[PDB]
Amino acid sequence: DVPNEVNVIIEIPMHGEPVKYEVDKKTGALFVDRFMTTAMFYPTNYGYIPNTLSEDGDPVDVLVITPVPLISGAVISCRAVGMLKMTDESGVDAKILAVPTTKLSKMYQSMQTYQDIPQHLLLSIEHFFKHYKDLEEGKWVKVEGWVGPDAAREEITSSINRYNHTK
Amino acid sequence: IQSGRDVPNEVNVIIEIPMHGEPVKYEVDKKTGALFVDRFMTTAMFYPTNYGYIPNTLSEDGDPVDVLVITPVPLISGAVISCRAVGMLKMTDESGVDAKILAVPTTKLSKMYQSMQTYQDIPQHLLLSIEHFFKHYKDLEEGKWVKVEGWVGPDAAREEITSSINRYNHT
Amino acid sequence: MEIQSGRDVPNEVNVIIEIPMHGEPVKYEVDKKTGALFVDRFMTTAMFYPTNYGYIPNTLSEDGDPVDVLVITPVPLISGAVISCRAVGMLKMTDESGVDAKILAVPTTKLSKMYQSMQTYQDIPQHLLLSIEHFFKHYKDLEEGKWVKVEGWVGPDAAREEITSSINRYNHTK
Amino acid sequence: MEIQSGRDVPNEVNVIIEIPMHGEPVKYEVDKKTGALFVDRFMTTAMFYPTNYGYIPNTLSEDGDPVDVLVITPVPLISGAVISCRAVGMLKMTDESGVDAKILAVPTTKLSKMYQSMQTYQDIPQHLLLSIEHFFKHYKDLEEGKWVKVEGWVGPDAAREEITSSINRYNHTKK
Amino acid sequence: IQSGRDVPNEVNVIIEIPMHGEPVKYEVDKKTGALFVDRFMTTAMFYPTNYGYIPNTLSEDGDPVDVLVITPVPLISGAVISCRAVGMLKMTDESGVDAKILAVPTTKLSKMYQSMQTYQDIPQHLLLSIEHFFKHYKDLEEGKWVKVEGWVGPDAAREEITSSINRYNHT
Amino acid sequence: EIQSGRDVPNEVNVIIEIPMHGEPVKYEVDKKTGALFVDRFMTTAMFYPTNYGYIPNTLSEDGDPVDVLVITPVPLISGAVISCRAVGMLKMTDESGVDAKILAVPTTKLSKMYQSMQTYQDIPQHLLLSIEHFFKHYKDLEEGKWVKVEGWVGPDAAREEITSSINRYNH
Ligand code: NA
Ligand code: NA
Ligand code: NA
Ligand code: NA
């Protein structure tokens with residue numbers, strides 16, 4: 001039920017080890033991209049929507065909120081509530097924020113837009129992505145800010161399209 | 001993945017949920033082989049054993065044979081373990097019958113289970129906690145219920161495995 | 001322990017944690033005489049506490065035990081920790097030994113502002129209320145001769161009355 | 001601390017846990033004088049205690065140390081917890097300082113019925129007995145000037161005799 | 001519990017927060033010795049070392065001297081460890097000056113740290129993550145803030161231990 | 001489907017079977033099916049002091065791929081792939097013949113903290129000794145097995161082992 005419901009493959013569990021795992025899109029294997037150099041942890045699970053492409057050639061990133069951590073390699077059906085827009089040394093870096101669908105858990109039903117998310121969590125997600133790469137030489141992050149679920153769903157749709165034209 | 005070295009005496013089990021794990025109900029998508037989140041558990045319970053299935057089996061409900069595998073320390077989701085059945089827990093729920101095989105690792109994996117031949121050899125506290133878990137872990141899932149009928153022995157368990165492997169080949 | 005009942009009883013109370021949320025199936029209890037953390041028993045169901053679990057020091061309920069408190073936190077606390085919290089309600093039960101009330105509390109706003117909008121148990125996410133109720137109904141199912149009947153939830157006013165009466169009971173015995 | 005050595009010594013004794021089973025390679029020890037949990041050393045081999053590890057308060061071995069106890073439990077305990085247990089045997093050993101016997105104990109029946117049939121160390125699964133002996137044989141292999149000589153297992157009566165003798169030594173230091 | 005065997009060269013540190021632990025900011029009540037929850041972490045950060053204080057010291061701010069203790073694996077809250085200062089991270093926060101000692105276990109506890117004599121001997125990635133942690137762990141605490149000044153050597157660290165131990169004796 | 005490495009034999013990909021400091025479960029990838037099987041449960045109370053895995057598309061003399069110990073700052077998970085480079089090799093003999101295990105660190109892209117690690121002598125001595133001690137002893141209670149440690153050799157011999165085994169695999 002794209003773009004309202006999407007499958008996300010988890011790469012990094014919430015509150016996990018400072019290991020930045022990434023799926024190799026060619027082989028489907030979970031590679032270690034790098035070790036984290038700040039003493040920070042992902043406040044949500046982190047993964048991507050398969051068969052998406054976006055402008056920079058990588059799939060659409062998704063932060064998935066769950067009551068307990070997921071494992072790397074798991075797939076979870078979720079729906080977007082907003083998107084954190086950012087710029088870094090490489091250009092734009094949007095990251096969608098999503099909650100599990102109601103079939104997986106009814107506890108997120110009232111979460112429709114990013115302002116519905118507990119404010120403390122929005123702030124720590126923002127802070128994490130502003131700062132987790134601070135000690136990586138040659139990198140910087142600027143937070144443009146949050147946009148709503150329509151823009152998030154717009155980001156999903158365009159990136160699904162970009163992937164379709166390529167293949 | 002072969003069903004086992006010496007079916008139905010020794011079988012391979014693919015682990016979906018580790019013992020004492022997070023309240024996340026993972027399931028292998030049989031079509032794609034991917035580990036999906038089916039739902040989050042709504043009771044404060046954990047699986048007292050590892051939980052998985054025998055590949056290339058077709059029980060009556062159209063799903064593979066479920067197996068509880070006792071191990072000394074937790075396994076991880078996605079692992080395959082060779083084991084042998086010591087009994088089977090027979091249940092009914094809203095969809096019909098729901099049997100769960102109980103198994104221990106084969107002697108090659110560990111000599112410590114060698115004296116466990118039947119479910120009656122398993123420590124009573126663990127048998128009771130397994131029954132209680134499957135009786136109650138879905139208590140807060142709307143429209144569901146569980147009735148525990150009781151345990152049957154390894155011969156009965158092996159019959160269930162054999163019957164279900166045959167069903168998979170024809171279907 | 002030389003710990004006090006709270007910074008502003010019964011609105012803010014100190015709770016000594018015995019069992020962490022999502023912890024090992026070990027039923028630890030503080031020996032009220034010596035202050036040592038003892039293993040009372042191992043749990044016999046495959047269950048875990050959905051919140052942290054402890055007691056208010058210097059309180060005396062009717063049964064001779066301190067007031068029990070369930071403390072919600074964003075991540076688990078450790079056994080032996082003390083946390084300042086405030087009651088939002090109380091789960092009333094009866095068991096084979098008589099009455100068994102347990103207060104539900106959240107950290108004070110000084111400790112964490114994220115709970116400031118939690119004023120009554122009805123503000124707590126419903127799935128957690130149901131999992132707490134289910135845990136206490138069932139965690140002792142395999143303990144011979146024990147049973148639990150859940151009467152229901154009562155509000156912050158009733159919880160504070162239970163605290164105050166039990167603080168009063170303790171002072172009289174001193 | 002004011003924790004007593006046991007309700008029905010030597011049949012049931014209180015054990016203060018210093019190191020959890022399968023825990024971090026940190027060798028904690030209670031300062032018997034102050035009751036504080038100190039770091040004695042870090043493990044230098046990649047080994048973990050196959051049981052919980054602690055001691056009986058108010059006991060003194062022939063060399064002046066409290067009686068050490070290995071406590072078997074279904075899940076790990078935490079450092080600093082107290083558990084009532086009963087001895088099923090004792091692994092006799094010596095180290096670079098003298099005697100270093102370790103009692104092996106299971107929770108009392110009040111704490112768990114699952115150990116009721118464990119009466120002697122030979123009732124304990126052989127793999128655990130061997131992993132325990134192997135652990136103490138080797139965990140100090142990389143500590144220069146430290147070693148262990150394993151002298152063998154004895155039954156519950158010998159273990160209870162050591163508890164009683166050790167309680168007597170402790171009382172004699174107050175007498 | 002004394003300040004240490006040979007102050008200021010070897011000191012006892014009581015651990016309040018483990019390395020890589022839960023985002024719970026525990027603090028010992030210096031009056032009673034009880035481990036209280038001071039607050040929860042509001043950024044997604046964890047302490048890159050263990051964190052605690054030296055008993056029987058009186059810093060300028062009225063609290064004991066804080067110490068960051070490097071260990072190969074995490075310690076637990078409430079444990080005491082004999083250690084020695086290799087340097088000090090100088091900072092100021094909302095309450096004033098706030099130096100934190102960096103220490104390693106003494107050679108009796110672990111010989112792996114014997115060649116660590118100054119903070120410059122500590123791996124650079126760890127020095128940087130420590131600096132980054134204290135720069136940012138109060139970013140979402142309204143009315144709390146930190147400015148990180150820089151590192152000073154073991155002698156200056158020992159000067160601080162001695163200065164703060166002196167105040168405790170007269171007071 | 002994973003290749004042997006970006007720049008063999010200087011940089012190789014390693015598939016992790018057993019994480020550092022993990023459960024005493026001896027996982028192994030089935031080279032035929034690619035599935036992670038439980039080979040056995042460990043019978044000593046020991047843990048791998050590094051992560052443990054193998055280089056895909058290699059064949060050593062014993063018919064198994066080249067085994068690699070991978071040092072990381074925090075544990076990896078079973079099934080992860082890590083780009084690394086050899087700094088030495090632990091040579092042993094057992095009941096089955098020769099048993100070399102290469103020691104590797106992450107490449108500089110993954111972590112700059114190992115850049116100065118060029119040979120096994122660069123590795124902290126305590127870790128080298130604990131690795132040696134682990135492989136000498138973790139199979140002590142496995143019947144019919146024994147280990148003799150011949151010793152460590154340098155990165156050139158390690159790469160020679162890698163290079164020959166890549167050829168042997170192609171051949
Ligand atoms: Na079934
Ligand atoms: Na030695
Ligand atoms: Na040592
Ligand atoms: Na601030």
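Each ligand, and each atom within it, is numbered from 1 in the order the structure gives. All heavy atoms count here, side chains included; hydrogens, waters and symmetry mates do not. Below, read A as the first sequence line, B as the second, and so on, with proteins coming before strands; counting in each chain starts at 1.
- Residue B:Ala99: an N/O/S atom is found under 3.0 Å from the Na ion (ligand 1).
- Among the atoms of E:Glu141, an N, O or S atom falls under 3.0 Å from the Na ion (ligand 4).
- Counting heavy atoms from C-beta outward, E:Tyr137 and E:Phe46 have side chains that stay 4.5 Å or more apart.
- The angle E:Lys144:O - the Na ion (ligand 4) - E:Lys138:O amounts to 90°, with values rounded to 10 degrees.
- A heavy-atom distance below 4.5 Å is not found between the side chains of D:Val26 and E:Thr71.
- The Na ion (ligand 1) is closest to atom OD2 of B:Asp66 (considering only N, O or S atoms).
- Closest approach of D:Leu142 and D:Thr44 over heavy atoms only: CD1-O, 3.3 Å.
- One finds the CZ atom of D:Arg41 at 11.5 Å from the OG atom of E:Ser110 (value rounded to the nearest 0.5 Å).
- Counting non-hydrogen atoms of other residues, nucleotides and ligands closer than 6.0 Å to NZ of B:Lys90 gives a total of 12 or fewer.
- Within the 3.0 Å limit, B:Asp98 places at least one N, O or S atom next to the Na ion (ligand 1).
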